[PDB]
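Encoded as structure tokens, the structure appears first; notes follow it.
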Amino acid sequence: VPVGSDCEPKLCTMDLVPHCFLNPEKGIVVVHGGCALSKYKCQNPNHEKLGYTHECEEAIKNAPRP
């Protein structure tokens, strides 16, 4: 899960929804689970979870495909 010293997992729910997020300690990071979505909004509530960016091309493989 995303944790660039901006937010820590102490209240969230897991899941199977791999999305793209931006980390202040890394950057482009794709992960699944409500935690990554909740924390992402906490660490950087001003950032926008990439859901159609050319950089999210990685999430294509990281995510479950048919």
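Bear in mind these aren't lab numbers, they're just calculated from the coordinates by the rules spelled out. Don't worry about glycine lacking a Cβ; one is built from the backbone with ideal geometry, like all the others, and counts go over all protein chains shown.
Taking the listed residues 25, 55, the one that is touching a residue at least 12 places away in the same chain (Cβ under 8 Å), under 10 Å from residue 2 (Cα atoms) and of a type in the set (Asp, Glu) is 25, with no other qualifying. When segment 39-66 is filtered for residues that are of a type outside the set (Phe, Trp, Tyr), in a helix (DSSP H, G or I) and surrounded by 18 or more Cβ atoms within 10 Å (Cβ to Cβ), the ones remaining, listed by number, are 39, 43, 56, 59.
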